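Chemist: query.cif (mmCIF, C-alpha atoms) pasted underneath:
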```cif
data_upload
loop_
_atom_site.group_PDB
_atom_site.id
_atom_site.type_symbol
_atom_site.label_atom_id
_atom_site.label_comp_id
_atom_site.auth_asym_id
_atom_site.auth_seq_id
_atom_site.Cartn_x
_atom_site.Cartn_y
_atom_site.Cartn_z
ATOM 1 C CA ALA A 1 12.693 -14.246 -125.460
ATOM 2 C CA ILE A 2 11.372 -16.127 -122.344
ATOM 3 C CA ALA A 3 9.443 -19.302 -123.338
ATOM 4 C CA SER A 4 9.414 -22.312 -120.928
ATOM 5 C CA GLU A 5 8.976 -25.855 -122.398
ATOM 6 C CA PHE A 6 5.229 -26.039 -121.589
ATOM 7 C CA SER A 7 4.529 -22.247 -121.989
ATOM 8 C CA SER A 8 4.745 -22.791 -125.813
ATOM 9 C CA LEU A 9 1.936 -25.485 -125.676
ATOM 10 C CA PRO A 10 -1.815 -24.537 -125.903
ATOM 11 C CA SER A 11 -2.646 -26.830 -122.885
ATOM 12 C CA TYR A 12 -0.591 -24.481 -120.618
ATOM 13 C CA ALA A 13 -3.421 -21.868 -120.769
ATOM 14 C CA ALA A 14 -5.833 -24.426 -119.163
ATOM 15 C CA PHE A 15 -3.164 -25.013 -116.441
ATOM 16 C CA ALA A 16 -2.647 -21.225 -115.905
ATOM 17 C CA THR A 17 -6.477 -20.726 -115.493
ATOM 18 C CA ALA A 18 -6.858 -23.764 -113.131
ATOM 19 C CA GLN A 19 -3.870 -22.692 -110.937
ATOM 20 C CA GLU A 20 -5.159 -19.041 -111.000
ATOM 21 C CA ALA A 21 -8.523 -20.169 -109.537
ATOM 22 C CA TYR A 22 -6.579 -22.022 -106.759
ATOM 23 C CA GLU A 23 -4.041 -19.237 -105.926
ATOM 24 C CA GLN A 24 -6.785 -16.527 -106.031
ATOM 25 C CA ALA A 25 -9.221 -18.574 -103.837
ATOM 26 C CA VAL A 26 -6.516 -19.374 -101.166
ATOM 27 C CA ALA A 27 -5.301 -15.704 -101.150
ATOM 28 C CA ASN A 28 -8.904 -14.342 -100.750
ATOM 29 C CA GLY A 29 -9.976 -17.122 -98.264
ATOM 30 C CA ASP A 30 -13.485 -17.403 -99.874
ATOM 31 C CA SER A 31 -14.252 -21.083 -98.898
ATOM 32 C CA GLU A 32 -11.888 -23.563 -97.096
ATOM 33 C CA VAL A 33 -13.551 -26.501 -98.994
ATOM 34 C CA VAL A 34 -12.802 -24.848 -102.408
ATOM 35 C CA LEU A 35 -9.056 -24.931 -101.517
ATOM 36 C CA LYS A 36 -9.051 -28.787 -101.080
ATOM 37 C CA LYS A 37 -11.036 -29.241 -104.376
ATOM 38 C CA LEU A 38 -8.851 -26.826 -106.426
ATOM 39 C CA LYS A 39 -5.581 -28.272 -104.919
ATOM 40 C CA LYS A 40 -6.640 -31.722 -106.258
ATOM 41 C CA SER A 41 -7.558 -30.319 -109.745
ATOM 42 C CA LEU A 42 -4.266 -28.275 -109.783
ATOM 43 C CA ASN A 43 -2.205 -31.515 -109.410
ATOM 44 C CA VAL A 44 -3.825 -32.834 -112.682
ATOM 45 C CA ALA A 45 -3.338 -29.473 -114.498
ATOM 46 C CA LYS A 46 0.336 -28.948 -113.329
ATOM 47 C CA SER A 47 1.131 -32.638 -114.192
ATOM 48 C CA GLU A 48 0.605 -31.704 -117.907
ATOM 49 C CA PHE A 49 3.643 -29.323 -117.539
ATOM 50 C CA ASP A 50 5.847 -32.126 -116.088
ATOM 51 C CA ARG A 51 4.582 -34.545 -118.834
ATOM 52 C CA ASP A 52 5.408 -32.236 -121.801
ATOM 53 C CA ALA A 53 8.590 -30.776 -120.212
ATOM 54 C CA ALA A 54 9.937 -34.358 -119.608
ATOM 55 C CA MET A 55 9.304 -35.180 -123.329
ATOM 56 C CA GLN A 56 11.160 -31.970 -124.428
ATOM 57 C CA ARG A 57 14.083 -32.616 -121.933
ATOM 58 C CA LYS A 58 14.495 -36.279 -123.118
ATOM 59 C CA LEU A 59 14.240 -35.243 -126.819
ATOM 60 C CA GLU A 60 16.913 -32.521 -126.196
ATOM 61 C CA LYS A 61 19.346 -35.133 -124.669
ATOM 62 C CA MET A 62 18.872 -37.592 -127.610
ATOM 63 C CA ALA A 63 19.030 -34.772 -130.258
ATOM 64 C CA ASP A 64 22.238 -33.319 -128.665
ATOM 65 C CA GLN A 65 23.846 -36.811 -129.022
ATOM 66 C CA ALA A 66 22.642 -36.890 -132.702
ATOM 67 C CA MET A 67 24.373 -33.489 -133.342
ATOM 68 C CA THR A 68 27.615 -34.593 -131.517
ATOM 69 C CA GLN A 69 27.983 -37.895 -133.476
ATOM 70 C CA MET A 70 27.591 -35.909 -136.787
ATOM 71 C CA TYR A 71 31.009 -34.184 -136.166
ATOM 72 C CA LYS A 72 32.737 -37.592 -135.479
ATOM 73 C CA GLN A 73 30.813 -39.465 -138.284
ATOM 74 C CA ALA A 74 32.722 -41.433 -140.991
ATOM 75 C CA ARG A 75 32.596 -40.417 -144.731
ATOM 76 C CA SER A 76 30.028 -42.625 -146.588
ATOM 77 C CA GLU A 77 28.205 -41.692 -149.855
ATOM 78 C CA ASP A 78 24.796 -43.461 -149.427
ATOM 79 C CA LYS A 79 21.255 -42.363 -150.555
ATOM 80 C CA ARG A 80 19.323 -41.430 -147.329
ATOM 81 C CA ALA A 81 16.297 -39.207 -146.556
ATOM 82 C CA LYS A 82 17.654 -35.870 -145.115
ATOM 83 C CA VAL A 83 15.184 -33.132 -144.023
ATOM 84 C CA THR A 84 16.366 -29.450 -143.756
#
```
As C-alpha coordinates - that is how I would like this structure written.

Modeler:
Amino acid sequence: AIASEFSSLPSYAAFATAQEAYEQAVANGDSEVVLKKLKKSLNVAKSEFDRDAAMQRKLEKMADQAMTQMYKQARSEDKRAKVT
(Lines of atoms letter the chains of each structure in order from A and count residues from 1; the text may use other names and numbers.)
(Lines give C-alpha, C1' and ligand atoms only; values in the text may rest on other atoms or scores of the structure.)
Protein backbone atom coordinates (compact mmCIF):
# COMPACT_ATOMS: atom_id res chain seq x y z
CA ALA A 1 0.00 0.00 0.00
CA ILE A 2 1.86 3.12 -1.33
CA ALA A 3 0.75 6.31 0.52
CA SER A 4 3.25 9.22 0.91
CA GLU A 5 2.88 11.58 3.93
CA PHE A 6 1.06 14.31 1.94
CA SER A 7 -0.70 11.91 -0.55
CA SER A 8 -3.13 11.01 2.33
CA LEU A 9 -4.13 14.74 2.77
CA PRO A 10 -6.99 16.35 0.70
CA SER A 11 -4.77 19.43 -0.09
CA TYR A 12 -2.46 17.14 -2.17
CA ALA A 13 -5.11 17.00 -4.96
CA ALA A 14 -4.85 20.84 -5.37
CA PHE A 15 -1.02 20.41 -5.58
CA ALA A 16 -1.33 17.53 -8.14
CA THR A 17 -3.66 19.70 -10.35
CA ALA A 18 -1.42 22.84 -10.06
CA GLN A 19 1.80 20.86 -10.87
CA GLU A 20 -0.07 19.03 -13.73
CA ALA A 21 -0.92 22.40 -15.37
CA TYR A 22 2.82 23.35 -15.11
CA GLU A 23 4.32 20.01 -16.35
CA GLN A 24 1.73 19.76 -19.20
CA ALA A 25 2.25 23.42 -20.32
CA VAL A 26 6.12 23.11 -20.34
CA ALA A 27 5.94 19.72 -22.20
CA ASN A 28 3.51 21.13 -24.87
CA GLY A 29 5.32 24.55 -25.11
CA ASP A 30 1.97 26.46 -25.41
CA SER A 31 3.15 29.88 -23.99
CA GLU A 32 6.64 30.72 -22.53
CA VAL A 33 5.00 33.29 -20.14
CA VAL A 34 2.62 30.60 -18.72
CA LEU A 35 5.71 28.58 -17.63
CA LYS A 36 7.06 31.48 -15.43
CA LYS A 37 3.55 32.05 -13.89
CA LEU A 38 2.87 28.32 -13.21
CA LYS A 39 6.46 27.76 -11.84
CA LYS A 40 5.74 30.49 -9.22
CA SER A 41 2.29 29.00 -8.30
CA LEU A 42 3.86 25.46 -8.18
CA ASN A 43 6.34 26.61 -5.45
CA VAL A 44 3.32 27.57 -3.22
CA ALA A 45 1.44 24.31 -4.02
CA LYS A 46 4.52 21.98 -3.53
CA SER A 47 5.42 23.86 -0.27
CA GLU A 48 2.19 22.40 1.27
CA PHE A 49 3.79 18.89 0.80
CA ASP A 50 7.00 19.96 2.62
CA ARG A 51 4.88 21.65 5.38
CA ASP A 52 2.69 18.58 6.13
CA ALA A 53 5.50 16.02 5.55
CA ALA A 54 7.77 17.93 8.04
CA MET A 55 4.94 17.78 10.66
CA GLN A 56 4.50 13.98 10.09
CA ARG A 57 8.35 13.37 10.17
CA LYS A 58 8.76 15.38 13.45
CA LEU A 59 5.69 13.67 15.03
CA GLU A 60 7.14 10.23 14.03
CA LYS A 61 10.51 11.04 15.78
CA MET A 62 8.77 12.21 19.02
CA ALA A 63 6.24 9.28 18.96
CA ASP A 64 9.07 6.71 18.38
CA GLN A 65 10.80 8.10 21.54
CA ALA A 66 7.42 7.79 23.42
CA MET A 67 7.18 4.07 22.38
CA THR A 68 10.88 3.38 23.31
CA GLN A 69 10.62 4.92 26.84
CA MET A 70 7.48 2.74 27.50
CA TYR A 71 9.68 -0.45 27.45
CA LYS A 72 12.21 1.11 29.95
CA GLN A 73 9.47 2.81 32.11
CA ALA A 74 9.32 2.20 35.91
CA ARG A 75 6.31 0.42 37.58
CA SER A 76 3.92 3.05 39.09
CA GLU A 77 0.16 2.53 39.78
CA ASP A 78 -1.28 6.07 39.19
CA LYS A 79 -4.68 7.16 37.69
CA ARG A 80 -3.90 8.68 34.21
CA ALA A 81 -5.92 9.22 31.00
CA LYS A 82 -4.91 6.42 28.52
CA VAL A 83 -6.48 6.34 25.01
CA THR A 84 -6.51 3.04 22.97

Chemist: Expand the PyMOL selection byres ((chain A and resi 22) around 12) into the explicit residue set it covers here, and present it as a ChimeraX atom specification.

Modeler: /A:15-21,23-43,45-46

Chemist: Given all atoms listed in the file as the basis, pick out the residue of A:14, A:9, A:67, A:83 nearest to residue A:53.

Modeler: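 Answer, going by the shortest atom-to-atom distance: A:9.
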
Chemist: Enter the distance from atom CA of residue A:13 to atom CA of residue A:64, in Å, rounded to one decimal.

Modeler: 29.2 Å

Chemist: Between atom CA of residue A:74 and atom CA of residue A:58, what is the distance in Å, rounded to a tenth?

Modeler: 26.0 Å

Chemist: Go ahead and compute the interatomic distance for atom CA of residue A:50 and atom CA of residue A:6, in Å to one decimal.

Modeler: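 About the pair atom CA of residue A:50 and atom CA of residue A:6: they are 8.2 Å apart.
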
Chemist: Take the PyMOL selection byres ((chain A and resi 4) around 12), apply it to the structure above, and return the hits as a PyMOL selection string.

Modeler: chain A and resi 1-3+5-9+12+49-50+52-53+56-57

Chemist: Please produce a file of those selected residues containing C-alpha atoms, as an mmCIF file, keeping the file's coordinate frame.

Modeler:
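Contents of result.cif, freshly written:
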```cif
data_model
loop_
_atom_site.group_PDB
_atom_site.id
_atom_site.type_symbol
_atom_site.label_atom_id
_atom_site.label_comp_id
_atom_site.auth_asym_id
_atom_site.auth_seq_id
_atom_site.Cartn_x
_atom_site.Cartn_y
_atom_site.Cartn_z
ATOM 1 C CA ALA A 1 12.693 -14.246 -125.460
ATOM 2 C CA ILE A 2 11.372 -16.127 -122.344
ATOM 3 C CA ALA A 3 9.443 -19.302 -123.338
ATOM 4 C CA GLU A 5 8.976 -25.855 -122.398
ATOM 5 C CA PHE A 6 5.229 -26.039 -121.589
ATOM 6 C CA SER A 7 4.529 -22.247 -121.989
ATOM 7 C CA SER A 8 4.745 -22.791 -125.813
ATOM 8 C CA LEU A 9 1.936 -25.485 -125.676
ATOM 9 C CA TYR A 12 -0.591 -24.481 -120.618
ATOM 10 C CA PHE A 49 3.643 -29.323 -117.539
ATOM 11 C CA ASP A 50 5.847 -32.126 -116.088
ATOM 12 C CA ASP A 52 5.408 -32.236 -121.801
ATOM 13 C CA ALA A 53 8.590 -30.776 -120.212
ATOM 14 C CA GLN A 56 11.160 -31.970 -124.428
ATOM 15 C CA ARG A 57 14.083 -32.616 -121.933
#
```
